[PDB]
Amino acid sequence: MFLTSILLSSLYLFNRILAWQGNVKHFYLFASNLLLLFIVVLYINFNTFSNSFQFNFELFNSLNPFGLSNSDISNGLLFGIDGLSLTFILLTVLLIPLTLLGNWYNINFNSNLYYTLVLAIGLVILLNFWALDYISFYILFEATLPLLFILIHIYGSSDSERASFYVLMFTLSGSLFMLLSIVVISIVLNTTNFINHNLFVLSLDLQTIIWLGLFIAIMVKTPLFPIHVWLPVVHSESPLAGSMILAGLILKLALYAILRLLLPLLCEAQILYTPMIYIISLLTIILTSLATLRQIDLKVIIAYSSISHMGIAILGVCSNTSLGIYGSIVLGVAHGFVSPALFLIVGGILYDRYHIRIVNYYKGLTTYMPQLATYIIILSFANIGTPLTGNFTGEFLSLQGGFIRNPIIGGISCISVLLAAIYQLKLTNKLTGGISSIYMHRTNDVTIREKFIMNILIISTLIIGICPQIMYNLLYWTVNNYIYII
Amino acid sequence: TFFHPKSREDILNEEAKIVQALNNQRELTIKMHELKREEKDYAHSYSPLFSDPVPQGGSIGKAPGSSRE
Amino acid sequence: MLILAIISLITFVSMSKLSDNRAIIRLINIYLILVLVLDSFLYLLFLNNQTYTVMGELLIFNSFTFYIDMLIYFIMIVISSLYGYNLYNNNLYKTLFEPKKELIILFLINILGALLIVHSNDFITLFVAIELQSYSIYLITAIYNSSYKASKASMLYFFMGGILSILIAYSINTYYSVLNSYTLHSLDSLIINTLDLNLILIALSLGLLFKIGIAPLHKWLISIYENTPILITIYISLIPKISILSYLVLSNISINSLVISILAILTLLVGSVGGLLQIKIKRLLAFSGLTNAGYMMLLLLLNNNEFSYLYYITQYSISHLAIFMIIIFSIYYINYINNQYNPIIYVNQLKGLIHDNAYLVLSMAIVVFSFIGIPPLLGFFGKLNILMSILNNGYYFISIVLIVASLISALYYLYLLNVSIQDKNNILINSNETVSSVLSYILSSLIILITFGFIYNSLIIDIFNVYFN
Amino acid sequence: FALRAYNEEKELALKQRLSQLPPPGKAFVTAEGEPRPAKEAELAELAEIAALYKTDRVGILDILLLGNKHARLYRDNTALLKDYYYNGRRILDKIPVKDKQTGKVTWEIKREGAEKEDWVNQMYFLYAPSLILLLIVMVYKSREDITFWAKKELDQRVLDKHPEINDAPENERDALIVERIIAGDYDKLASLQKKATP
Amino acid sequence: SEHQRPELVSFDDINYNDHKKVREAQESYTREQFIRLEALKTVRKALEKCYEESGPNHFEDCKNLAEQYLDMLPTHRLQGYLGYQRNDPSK
Amino acid sequence: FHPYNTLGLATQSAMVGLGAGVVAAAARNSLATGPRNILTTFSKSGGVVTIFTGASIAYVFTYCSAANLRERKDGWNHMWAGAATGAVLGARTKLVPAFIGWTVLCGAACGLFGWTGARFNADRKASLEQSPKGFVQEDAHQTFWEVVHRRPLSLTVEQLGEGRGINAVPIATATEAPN
Ligand SMILES: CCCCCCCCCCCCCCCCCC(=O)OC[C@H](COP(=O)(O)OCCN)OC(=O)CCCCCCCCCCCCCCCCC
Ligand SMILES: CCCCCCCCCCCCCCCCCC(=O)OC[C@H](COP(=O)(O)OCCN)OC(=O)CCCCCCCCCCCCCCCCC
Ligand SMILES: CCCCCCCCCCCC(=O)OC[C@H](COP(=O)(O)OCC[N+](C)(C)C)OC(=O)CCCCCCCCCCC
Ligand SMILES: CCCCCCCCCCCCO[C@H]1O[C@H](CO)[C@@H](O[C@H]2O[C@@H](CO)[C@H](O)[C@H](O)[C@@H]2O)[C@H](O)[C@H]1O
Ligand SMILES: CCCCCCCCCCCCO[C@H]1O[C@H](CO)[C@@H](O[C@H]2O[C@@H](CO)[C@H](O)[C@H](O)[C@@H]2O)[C@H](O)[C@H]1O
Ligand SMILES: CCCCCCCCCCCCO[C@H]1O[C@H](CO)[C@@H](O[C@H]2O[C@@H](CO)[C@H](O)[C@H](O)[C@@H]2O)[C@H](O)[C@H]1O
């Protein structure tokens with residue numbers, strides 16, 4: 001048989017489906033679930049007793065540009081997965097179909113472009129977790145900004161133009177300093193690959209310079225104080241699929257980028273610089289939480305909430321402790337579950353019914369919308385870090401690592417546990433509490449679709465909170481591969 | 001029983017072959033950066049046929065005593 | 001082939017009517033295609049970077065110059081296609097885009113001057129070719145003599161190019177006064193470090209560079225590009241730049257100059273900032289060309305700059321042609337024809353193009369994000385190779401300026417896309433007139449090159465390592 | 001669901017059969033926003049074209065084989081059926097149910113079944129079981145963590161250094177392995193630090 | 001069960017261009033540190049048992065085990081391979 | 001280092017700035033629109049002479065002073081010189097926050113310019129191309145652009161400092177039972 005025959009079969013089927021039924025969302029959801037199943041099969045066929053990279057493949061080689069390489073000279077883009085990659089890949093393939101189904105009935109103009117852009121962003125993020133050099137990583141790290149610009153501009157809310165320009169310009173600003181870093185690495189080492197880059201020990205005075213660019217990128221993408229102001233606007237004014245994808249995966253690309261680009265290389269610069277990281281992270285935690293306490297827009301509140309938990313994750317990943325790394329990864333996963341559920345509630349349930357996000361209009365949803373109130377309470381108490389959810393496990397271990405590394409900063413950072421509760425429950429109490437608003441008419445409660453999405457995202461976080469250990473078979477190497485202790 | 005992962009030895013060997021290809025490309029890039037910016041011949045850089053840089057000037061009033069080495 | 005073409009077209013156009021000039025352009029376009037197909041095997045002469053001196057020692061032929069010549073033929077093919085094929089068979093498009101009788105001859109003579117600039121090895125050839133380029137491109141700016149703006153631009157361009165040619169001649173004759181020579185091969189290590197020679201050489205470099213708009217001498221050429229016809233602007237904004245920058249890259253004249261560094265920083269800042277308040281399309285694209293000229297000025301300070309320059313000039317040529325072609329295609333949907341010569345002037349006339357032609361806006365987006373340097377597109381790899389070279393050679397402040405200019409220019413690049421993907425009332429529902437097949441294919445091919453050329457980068461590097469190293 | 005259930009003539013009649021009806025947005029309202037304003041013959045008519053939305057009018061081997069001019073007809077007169085169906089479903093709060101023997105369908109109230117969404121068969125039978133499979137795989141790959149391997153290895157090293165434990169009774173070897181572990185150092189990490197020994 | 005027992009490689013005896021041996025050495029270092037941890041956990045389990053059996057006599061009966069646990073805890077832990085891979089202690 | 005002569009360099013600074021201001025005033029007089037003469041070069045110039053002279057004096061004075069106070073030659077001196085020059089350029093706008101912003105931002109900019117080497121040019125004997133690169137061969141001291149497979153531990157301990165994981169002897173060998 002042929003490769004081209006099989007993908008031409010798929011292409012012809014897609015063309016005929018589009019001809020007869022003029023929509024692509026069913027085919028993209030079929031491909032969504034098919035990709036999820038294929039990745040589960042790869043996990044079935046994944047050896048946990050090897051730290052090596054598996055399922056390797058190379059593209060755009062000199063000898064076979066439109067195929068895979070078997071060469072003894074490798075000049076193309078390298079791909080392959082470690083357990084760390086596979087964790088976030090599982091998250092990505094879990095979330096993509098939910099982002100498609102979250103906007104199933106609320107896109108009534110140029111639907112096919114919306115679904116194409118969503119699936120394309122998701123596949124770019126998947127391939128970005130599959131990358132094994134600085135350049136493929138970069139070209140998949142920056143390739144989402146055109147798609148996000150177009151998606152947010154065409155399908156966004158009132159202030160969508162500003163958000164579109166922000167999500168491109170801020171990220172490009174950080175990523176070009178990342179590019180200077182990568183260029184320096186490539187001209188100095190004459191190699192870019194994530195397999196043997198811990199074998200090349202650069203001088204400290206040059207590590208300290210490369211680290212600056214990589215960390216500026218990580219600061220703009222994570223985000224971290226003082227460069228966190230784009231995230232409220234973008235996550236607020238985007239379509240629901242965009243906000244879900246962003247908060248769930250694109251923010252975690254920065255965590256993966258730390259672990260994959262900055263710790264294995266640049267170990268001595270990192271071990272000299274990390275108190276500055278702790279300064280920035282503690283600021284990012286406390287000031288962003290307090291800033292959340294005086295916001296009037298719901299999706300904006302959830303957007304600000306993402307930043308503090310990513311700061312706790314940064315404390316964990318920059319801790320030089322195995323428990324801290326594991327905690328940061330569990331935080332990434334559990335936040336990728338919980339935050340898109342909150343974004344669904346505040347951007348696809350309520351926004352689809354009332355088309356407004358100002359808190360002053362919302363009060364007393366419990367009376368006519370009780371199931372939604374139950375979901376709000378569950379997801380709020382999960383977001384603030386209640387035990388038996390992965391959020392608590394990750395927070396606990398990240399703060400353990402931060403305390404081990406710097407007891408004073410890591411101990412002061414434990415007011416996260418309080419401030420999270422304040423800014424989340426001050427909103428939950430008003431939404432669920434009181435007499436139902438006079439500015440709002442009655443509308444339907446949550447549907448079977450919305451409930452399906454929220455229930456998947458709640459089951460996942462409860463599984464990884466009740467037994468976090470199930471994620472260790474893909475991470476017991478990663479929790480020791482990036483630790484610099486003599 | 002459904003778990004049929006590639007063994008550790010074969011994984012290590014495939015990764016090693018990949019890293020060997022990558023180091024080969026590295027050494028090729030260094031060699032090419034060194035073969036460039038290396039001084040070439042007058043025949044390779046300017047003129048392969050008339051390979052004498054020495055100029056023989058005019059011919060209409062050629063004075064004996066004008067050539068010099 | 002060019003001189004054969006010139007001597008043939010002069011006769012054939014003299015003995016032909018004005019109804020035949022379009023078909024003449026088609027004929028010579030196919031001629032250039034056949035040349036680029038059948039005669040391009042001459043690349044094998046330059047294996048292992050073998051260099052040849054021709055016409056005494058007046059011309060130089062290497063892989064660099066062969067590549068630039070193939071590129072100039074490709075550009076002339078596209079620009080001739082825009083004149084030889086009607087977009088729409090309407091009276092409007094037979095009023096806006098008509099070739100004048102002598103235009104093709106002047107284009108070919110300007111191409112001749114371009115190539116004799118890049119192939120020059122002695123300053124007499126350089127000067128003769130600079131003048132053959134500049135006189136012809138004066139007349140190209142002036143051939144549409146029923147335009148007030150074009151005549152005005154013709155005369156400004158004549159005088160400013162004349163003054164800068166005076167500067168080039170002064171530089172050349174001073175070099176001769178010092179060394180008694182017109183050849184840069186006369187220079188070596190010893191002569192450079194024994195004679196102070198940088199004033200003459202940078203005077204030559206600046207006389208050549210201010211002829212392509214290097215700041216602070218940019219406003220005049222931007223006015224000329226604004227005030228000329230669109231199908232003349234597309235030529236006069238690209239080919240002189242390729243010619244002169246290729247000469248200055250092949251001739252290693254400004255290897256660590258402070259003046260060229262300063263003026264390149266100034267070009268970047270001006271070309272990024274001044275384009276932010278521009279409301280017109282051609283001035284915006286002119287400032288884009290200015291900042292790209294700055295990026296290419298930076299690699300006049302390297303001494304190993306062939307790959308970066310060739311990649312960047314090829315991708316900039318493709319992007320320039322594509323964006324001008326998209327603006328030419330958008331005239332069918334703009335609601336107000338401004339002139340017989342510049343039918344579209346302002347960027348807000350592109351408002352709502354996605355509702356009339358969406359894939360034209362996809363093309364625009366691809367080109368805009370290549371200009372911004374977004375991966376996996378081609379401008380990203382261009383910027384990457386430039387950064388690689390300048391950081392390998394120790395230009396660390398210029399790199400940060402380059403990043404900042406890349407960021408500031410994105411705003412006026414995105415102005416176009418933003419207004420294009422906006423909503424519009426009175427959309428198009430049906431039209432029985434169809435745009436040309438050939439020009440559509442040319443634009444689609446350029447867009448596909450921008451989008452999928454990164455697949456072949458490994459192969460291109462492997463060929464470069466044999467023909468240029 | 002059927003294989004080859006396309007029939008050109010009914011579509012090419014149904015086109016202007018629907019064009020003779022008013023627009024879907026304005027049909028069930030009458031511009032007065034009342035179901036009563038629409039006439040009752042018109043109402044039964046709308047009901048029996050709307051019930052034709054959820055009928056198999058095409059199969060797999062008819063979408064893979066037939067040409068574009070027929071597929072476009074199907075598409076642009078199926079959109080109308082969809083919109084009539086759902087606009088009636090929202091404005092009137094009734095679905096059409098043709099009962100068994102009488103050949104006349106009209107809008108009815110009964111909404112405790114006989115309606116399914118188009119995303120259910122995809123998710124509930126491709127996505128949910130794949131996540132259950134992922135849970136199963138995670139749980140049974142947790143058996144391959146390094147903790148268990150290290151326990152088995154350490155016990156084996158103790159048994160290799162002290163083979164006398166094996167002939168002892170079978171429910172006493174664990175305490176003896178524990179004793180020898182507590183006593184000794186069976187790790188081999190300083191074994192690997194050769195250049196650290198001065 | 002087919003319990004695996006891979007061969008122990010050191011960073012001091014290998015050439016870092018042979019990547020197979022480098023990966024073997026990384027995995028060796030990590031595996032032996034996990035065995036150290038299992039020793040620590042055996043000590044902790046014995047301490048817990050002696051505490052739960054003795055009660056007020058634990059101060060005397062579990063003394064050596066408690067001191068051993070607190071001597072082992074700072075040192076028998078995961079500390080990563082990069083610190084030894086990238087540093088020669090002989091210089 | 002070798003000390004700078006502050007007052008001499010600053011006097012040269014002031015004369016250069018004065019000449020440049022005269023040249024800019026003449027250029028403005030000739031490029032301008034309205035009716036103008038040889039009177040207007042200093043009447044209608046927008047403080048160009050004072051801009052140039054103040055910036056020049058401030059920059060050179062502050063640079064040489066900070067170099068003599070700090071007893072060093074580095075980019076922080078350019079940071080201070082940019083702070084002073086920005087303070088001069090911002091005192092023109094008779095507003096406090098603009099003055100502060102001018103000072104801070106041109107300080108940061110000129111300090112970056114000094115951090116990168118205080119040059120728009122290149123050094124060209126410290127660049128990667130002209131410097132020894134790649135893997136270092138036999139126990140030799142790693143230079144800036146060179147690469148190493150395995151680094152010295154005494155060097156690590158000095159560059160980084162003891163504590164927080166990094167110790168003069170590995171933990172396992174240091175706690176190995178002497179048996
Ligand atoms: C074209 C129109 C026709 C009119 C033409 C007019 C005559 C032409 C005049 C000369 C040609 C114009 C040159 C254009 C200016 C740019 C020249 C240039 O950039 O070369 C500078 C060059 C050093 O620069 P560079 O090589 O890049 O850096 C490495 C440094 N080692 O090389 C040098 O180092 C230059 C050497 C420095 C000396 C410069 C001489 C100026 C002296 C003026 C003193 C006047 C007295 C004081 C003030 C009087 C006012 C009252
Ligand atoms: C007499 C006694 C002499 C004594 C000997 C010592 C004298 C030293 C003299 C130094 C030279 C001084 C020249 C002053 C500049 C020329 C005057 C001028 O005004 O330039 C700008 C000019 C007209 O501007 P204007 O009409 O006034 O209107 C402005 C409204 N925007 O319009 C123009 O476009 C002309 C521009 C000329 C620019 C020359 C190149 C400058 C290079 C810029 C450096 C950038 C580098 C910094 C990089 C930092 C990056 C962040
Ligand atoms: C040449 C026509 C140019 C017109 C524009 C079209 C681009 C053609 C690129 C071929 C270059 C080559 O294959 O060559 C590689 C050249 C030197 O090789 P060469 O001496 O010129 O031999 C070529 C012999 N030909 C003429 C028979 C082919 O290295 C370079 O730096 C090329 C840098 C250009 C990067 C742009 C890539 C665009 C994607 C190409 C997708 C097919
Ligand atoms: C754009 C959509 C996003 C998709 C992202 C998901 C991509 C998933 C790809 C994973 C599959 C990779 O699996 C990969 O396995 C081996 C590596 O040992 C590759 O390499 C294999 O090549 C073949 C050559 O005939 C031989 O079997 C060879 O011995 C080798 O095993 C395969 O060519 C590739 O299939
Ligand atoms: C807009 C955001 C801006 C933030 C980004 C900041 C990045 C700026 C690059 C900082 C790194 C520059 O790196 C810097 O390092 C070395 C010291 O290690 C300096 O040290 C060198 O200075 C020069 C100037 O005297 C000489 O060569 C000197 O002998 C020394 O070697 C270099 O002058 C500079 O190259
Ligand atoms: C945002 C991140 C990217 C920023 C862009 C710039 C990246 C490149 C960083 C600048 C490199 C500067 O590097 C430059 O300074 C170092 C000192 O630190 C010098 O290195 C030299 O320093 C001298 C001391 O003066 C010592 O002998 C040392 O052994 C070495 O030879 C080199 O002259 C040069 O390598």
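Side chains included, hydrogens not; waters and symmetry mates left out as well; all remaining heavy atoms used. Lettering follows sequence order; numbering is per chain, from 1.
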Participant: Among the options A:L36, A:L37, A:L34, pick out the one with the most heavy-atom pairs lying under 4.5 Å from chain D.
Facilitator: A:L36
Participant: Please state whether the side chain, the backbone, both or neither of D:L66 comes within less than 4.5 Å of a heavy atom of chain A.
Facilitator: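 For D:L66, heavy atoms of backbone and side chain both lie under 4.5 Å from chain A.
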Participant: In Å and rounded to the nearest 0.5 Å, what is the CG to OG1 distance from D:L52 to D:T78?
Facilitator: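 Reported to 0.5 Å precision, the distance equals 8.5 Å.
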Participant: Below 4.5 Å, heavy atoms only, C-beta onward: do D:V105 and D:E48 meet side chain to side chain?
Facilitator: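 D:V105 reaches D:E48 side chain to side chain.
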Participant: What's the verdict on side-chain contact (heavy atoms from CB on, under 4.5 Å) for D:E8 and D:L12, showing C-alpha distance, side-chain angles and the deciding distance?
Facilitator: CA-CA 6 Å; D:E8 157 52 7; D:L12 182 49; 3.0 Å; yes
Participant: How far does CG of A:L323 sit from OG1 of A:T393, to the nearest 0.5 angstrom?
Facilitator: 11.5 Å
Participant: I need the residue from D:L135, D:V139, D:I63, D:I60 with the largest number of non-hydrogen atom pairs under 4.5 Å to chain A.
Facilitator: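 The answer is D:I63.
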Participant: Heavy atom to heavy atom, less than 4.5 Å: which residues from residues 115-130 of chain D reach chain A?
Facilitator: D:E117, D:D118, D:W119, D:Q122, D:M123, D:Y124, D:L126, D:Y127, D:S130
Participant: Need one label for A:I44: side chain, backbone, both or neither, based on atoms under 4.5 Å from any heavy atom in chain D.
Facilitator: both
Participant: For the side chain of A:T461 and the backbone of A:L457, is there at least one donor-acceptor N/O pair under 3.5 Å apart?
Facilitator: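 A pair under 3.5 Å: no.
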Participant: Looking at residues at least two apart in the chain, or sitting in another chain, which of them share a side chain to side chain contact (heavy atoms under 4.5 Å, CB included) with D:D83?
Facilitator: D:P24, D:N87
Participant: Centres of the D:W107 and D:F28 rings: under 6.0 Å?
Facilitator: yes
Participant: With rounding to the nearest 0.5 angstrom, report the CG to CD1 distance, A:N444 to A:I349.
Facilitator: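 Atom-to-atom, A:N444:CG and A:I349:CD1 are 12.0 Å apart.
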Participant: With rounding to the nearest 0.5 angstrom, report the CD1 to OG1 distance, A:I463 to A:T389.
Facilitator: 13.0 Å
Participant: Counting heavy-atom pairs closer than 4.5 Å to chain D, which one of A:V93, A:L13, A:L94 comes out on top?
Facilitator: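 Option with the greatest count: A:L94.
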Participant: Less than 4.0 angstrom from a charged side-chain N to a carboxylate O is my criterion; do D:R17 and D:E45 meet it?
Facilitator: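 Salt bridge present between D:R17 and D:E45.
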Participant: If I measure from the heavy atoms of chain D, does A:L18 come under 4.5 Å with its side chain, its backbone, both, or neither?
Facilitator: backbone
Participant: Using a cut-off of under 4.5 Å for heavy-atom pairs, which of A:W477, A:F452, A:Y472, A:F46 has the most such pairs with chain D?
Facilitator: A:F452
Participant: For A:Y105, which atoms come within 4.5 Å of any heavy atom of chain D: side chain, backbone, both, or neither?
Facilitator: side chain
Participant: Taking the six-membered ring for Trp, are the ring centroids of A:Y28 and A:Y115 within less than 6.0 Å of each other?
Facilitator: no
Participant: Taking side chain as everything from C-beta outward and backbone as N, CA, C, O, which of these in A:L90 sits under 4.5 Å from a heavy atom of chain D? Side chain, backbone, both or neither.
Facilitator: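 Looking at A:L90, just its side chain touches chain D.
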Participant: Heavy-atom cut-off 4.5 Å, strictly under: side chain, backbone, both or neither for A:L474 against chain D?
Facilitator: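 When you check distances to chain D, no heavy atom of A:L474 falls under 4.5 Å.
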Participant: Thinking salt bridges, do A:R353 and A:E450 make one under a 4.0 Å N-O criterion?
Facilitator: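 A salt bridge is present here (some side-chain N lies under 4.0 Å from a carboxylate O).
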Participant: Residue by residue, which of residues 178-198 of chain D have a heavy atom closer than 4.5 Å to a heavy atom belonging to chain A?
Facilitator: none
Participant: Taking side chain as everything from C-beta outward and backbone as N, CA, C, O, which of these in A:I448 sits under 4.5 Å from a heavy atom of chain D? Side chain, backbone, both or neither.
Facilitator: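 For A:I448, heavy atoms of backbone and side chain both lie under 4.5 Å from chain D.
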Participant: Side chain from CB out, backbone as N, CA, C, O: work out which of these in A:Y43 comes under 4.5 Å of a heavy atom of chain D, or both, or neither.
Facilitator: both
Participant: Could you walk me through whether A:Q21 and A:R16 satisfy the side-chain contact (heavy atoms from CB on, under 4.5 Å) test, starting with their C-alpha distance in whole Å, then the side-chain angles of each, then the deciding distance to 0.1 Å, before giving a yes or no?
Facilitator: CA-CA 8 Å; A:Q21 53 182 33; A:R16 296 330 302 157; over 6 Å; no
Participant: If we ignore hydrogens and angles and just use 3.5 Å, is the side chain of A:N103 paired with the main-chain N or O of A:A241 as donor and acceptor?
Facilitator: yes
Participant: Got a donor-acceptor contact below 3.5 angstrom from the A:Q371 side chain to the A:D445 backbone?
Facilitator: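 Absent.
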Participant: Report the relative orientation of the aromatic rings in D:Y86 and D:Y53; use parallel for angles under 30°, tilted for 30 to 60°, perpendicular for over 60°.
Facilitator: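 Perpendicular: the ring planes of D:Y86 and D:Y53 meet at over 60°.
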Participant: Check whether A:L101 gets within reach of chain D through its side chain, its backbone, both or neither, counting any heavy atom under 4.5 Å.
Facilitator: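 For A:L101, side-chain heavy atoms alone lie under 4.5 Å from chain D.
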Participant: Write out, in numerical order, the residues from residues 152-173 of chain D with a heavy atom short of 4.5 Å from a heavy atom in chain A.
Facilitator: none
Participant: Where the side chain of D:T102 meets the backbone of D:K104, is there a donor-acceptor pair that is under 3.5 Å apart?
Facilitator: no
Participant: Rounded to the nearest 0.5 Å, how far apart are OG1 of A:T48 and OH of A:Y476?
Facilitator: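 Spacing of OG1 (A:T48) from OH (A:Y476) equals 4.0 Å.
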Participant: What's the spacing between D:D62 CG and D:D56 CG if we round to 0.5 Å?
Facilitator: 11.5 Å
Participant: Do the side chain of D:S19 and the main chain of D:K15 share a donor and acceptor less than 3.5 angstrom apart?
Facilitator: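 Looks like no, no N/O pair under 3.5 Å.
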Participant: Please flag which part of A:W104 lies under 4.5 Å from any non-hydrogen atom of chain D: side chain, backbone, both or neither.
Facilitator: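 Contact with chain D is through the side chain of A:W104 alone.
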